[PDB]
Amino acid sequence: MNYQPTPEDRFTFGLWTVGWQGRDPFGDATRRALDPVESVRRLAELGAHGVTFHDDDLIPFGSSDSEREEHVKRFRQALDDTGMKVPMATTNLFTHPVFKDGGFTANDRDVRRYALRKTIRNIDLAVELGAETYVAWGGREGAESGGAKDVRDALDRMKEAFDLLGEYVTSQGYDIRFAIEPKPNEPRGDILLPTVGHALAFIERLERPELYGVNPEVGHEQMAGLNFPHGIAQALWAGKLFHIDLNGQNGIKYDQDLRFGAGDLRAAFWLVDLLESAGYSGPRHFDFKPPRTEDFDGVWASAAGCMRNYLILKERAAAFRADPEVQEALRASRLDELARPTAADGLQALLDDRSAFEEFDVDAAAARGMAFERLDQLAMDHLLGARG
């Protein structure tokens, strides 16, 4: 009944989320800029565990070394005063006009080198602040037209960039891992490594694959009409879910970044069920934007809503899995059989097993119902709190 979050829940927010001023492609900002220090304080009061940042969220682009030092000290004091942590950091390689054709895969070589130096500089800061994960979102890596980018060459440049970052981390002896955040499009017509699958495949071609994982975002996969929980399951199966971005999205359209729980509610339920049952111990990070219709009270209400929805869904998913009637239904649908090896007896045994082919009664097997609808209605009843 009580859905109050505590820092033990590991809820985190990016500074750019509650700090989003409301500027969109067709309108000016509707809210004044927030001082990172005020955000840290406000979030701590709501029950958050920590915050994340892009280098440029914390230190205005173009800042001198002294100003940079000042901005960091103020922030550090706010963390000390609240007990807030900084589990992840990332680089802004998308806002400045110089990154109009990308950062790591920009056609101009000088821009690619600059991108790497800007990233490395923030990796040092991230480590200093205690971050365990460093996220990379290649928002500008891609194209609007076919001849503008040779994708094979671009992937060589992307691999070269990540390999160099791995070499840097290893040489400095840092205890930090990278997580690639996929997105299919926006702001580029098509973005490279568009989904969790493409990102996972790419990671296997890096020199030190063990240092890289993925940071999937619910809305991003939904922008390609994909099943988010399924994508997360594949990431977990590969042992690559290093971090996760939680939010809401209503189908295939622009990236809405609604508060978590909004958008596809049932997908949110299945996501929470999976994370909790798989024992994901990383942060529950919200990358969302409080709609521009809201004033400051609305941004804090929206932020609180992210955490509340996760906690309600967690309760309902747990009740679902603990319900004896559901456990019975899972057996009726043969989920237990799905977990048993198809042929632990081996290939030869399988080939010699007449019950597997020559004497297999296909019609009898075909007539068995899967009982998935009853199981799904039990899930619906639990989600809606209408069990009886």
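Heads up: residue numbers just count along the shown sequence, starting at 1.
Higher mean CA temperature factor between 154-162 and 169-177: 169-177, per the PDB entry. For the segment pair 277-285 and 134-142, the entry gives 277-285 the higher mean B-factor, averaged over Cα atoms. Within the selection 196, 244, 127, 306, the deposited Cα B-factor values reach their highest point at 127. Residue-level temperature factors show residue 14 in the lowest third of its chain, judged at the C-alpha atom. Compared with the other modelled residues of the chain, the Cα B-factor recorded for residue 91 ranks in the middle third. Among the modelled residues of its chain, residue 122 has a C-alpha B-factor that falls in the middle third, as given in the PDB entry. Per-chain ranking of the deposited C-alpha B factor places residue 77 in the highest third. In the PDB entry, residue 210 places in the highest third of its chain by CA B-factor.
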